[PDB]
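Presented below is the structure to which this report refers.
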Amino acid sequence: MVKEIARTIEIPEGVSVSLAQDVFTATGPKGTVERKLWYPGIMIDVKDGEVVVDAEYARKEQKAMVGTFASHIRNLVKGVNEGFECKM
RNA sequence: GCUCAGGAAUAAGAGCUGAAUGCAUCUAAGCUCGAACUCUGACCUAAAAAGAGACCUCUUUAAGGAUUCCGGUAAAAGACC
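Residue 29 in our numbering is what sits at position 27 of the first sequence, and the numbering runs on without skipping anything.
Written out as structure tokens, the structure reads:
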């Protein structure tokens, strides 16, 4: 069917996300984390416990970038909520 | 007699994050390391840098500069002390 290039993230409770200027800011029980996710042709909005990210052209580069940004947002919220561990 | 580094950014290469391609992936964005190479740091030269410089002092019929005179740490002539 359709090649729509929109993605939702469904932010969970606790994280105070924002998209001031370009840097994407979050805060929660496990401290705060910051990141910058600016890229032409890829717009991001934060609203109602979810961040919507999409593009305009169906070129595969746009689709790859929208996937990458969605993954980064998920990992940021997940990290600020509880944290991440590595065992060696 | 003296004759070093340290740092920044990199090549081949090794990784992290990561989607197109639900997974996976060093790569497509992004990030971390990485050479006697490159840059910086030492060293020599450089207001005739035409955007032709900055600051201070002394004095504009003076400050000061040259020539003569006695010389050499300098010297082909000039210059320099």
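Note that the Cβ used here is the ideal one computed from N, Cα and C, for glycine as well.
Quick check on the burial criterion: 16 or more other C-beta atoms within 10 angstroms. Buried or exposed for residue i?
{"i": "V82", "result": "buried"}
When you compare only the Cα positions, how much space is there between residue i and residue j?
{"i": "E52", "j": "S18", "result": "11 Å"}
{"i": "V48", "j": "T10", "result": "10 Å"}
{"i": "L78", "j": "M3", "result": "31 Å"}
{"i": "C88", "j": "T29", "result": "22 Å"}
{"i": "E63", "j": "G16", "result": "33 Å"}
{"i": "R76", "j": "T27", "result": "13 Å"}
Under 6 Å Cβ to Cβ from residue i, same chain only, skipping five residues before and after it: list those, please.
{"i": "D56", "result": "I7 and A8"}
{"i": "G85", "result": "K32"}
So, at 8 Å on beta carbons, what are the nonlocal neighbours of residue i in its own chain, with the 5 sequence-adjacent residues on each side left out?
{"i": "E12", "result": "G51 and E52"}
{"i": "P14", "result": "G51, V79 and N83"}
Is residue i near residue j, with beta carbons less than 8 Å apart?
{"i": "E58", "j": "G69", "result": "no"}
{"i": "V25", "j": "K5", "result": "no"}
Of all the alpha helix (DSSP H) runs that stay within the bounds of the region 51 to 83, which reach a length of 4 or more residues?
-> 62 to 83
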